[PDB]
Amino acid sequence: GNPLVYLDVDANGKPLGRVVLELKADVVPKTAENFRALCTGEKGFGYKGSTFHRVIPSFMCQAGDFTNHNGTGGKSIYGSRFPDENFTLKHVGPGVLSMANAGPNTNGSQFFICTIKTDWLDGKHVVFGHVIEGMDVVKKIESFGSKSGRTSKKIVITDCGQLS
């Protein structure tokens, strides 16, 4: 079945709780596998101890730059970048999990969780999962963002991994 993974998130060292995500390995196996492995840390790098560096209220919460912590970095389990797998899954509403990118075929490790329907991204960002549980936690993260994307508190993935 599809992987169930988790992110435990704090704000300035205070727990906000757990986001549980389903990864759609049945539709985007390569993209799913990348995210799953970055949650477990099994390749010797990944998301644990990294940040949500760009959070825009009424839009999305962005994370995954575990090298530079500012949107310029990250890498995949495959190498520095990997192709756009497919655009089968769409940005249908809040809780969609999708890959951030710098253009076509530039997926690395950065990702975003939508807090609205972001359909203008369809065909441009690879959607690969959604929030199973903890949309309230996502909303808390969202609350520490700003229209610029800068966060007012340090938002940290203190733990992460795979439930099933």
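Numbers for residues come from their place in the sequence shown, where the first is 1.
In this entry, 148 to 156 has the higher mean Cα B-factor, the comparison being between 148 to 156 and 19 to 27. According to the PDB record, 6 to 14 carries the higher mean C-alpha B-factor of the two stretches 6 to 14 and 139 to 147. Among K43, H125, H130, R36, the highest C-alpha B-factor recorded in the PDB entry belongs to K43. Of the candidates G103, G95, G134, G64, the one whose C-alpha carries the top B factor in the deposited record is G134. In this PDB entry, the Cα temperature factor of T72 sits in the top third of its chain's modelled residues, the highest group. In this PDB entry, the Cα temperature factor of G49 sits in the top third of its chain's modelled residues, the highest group.
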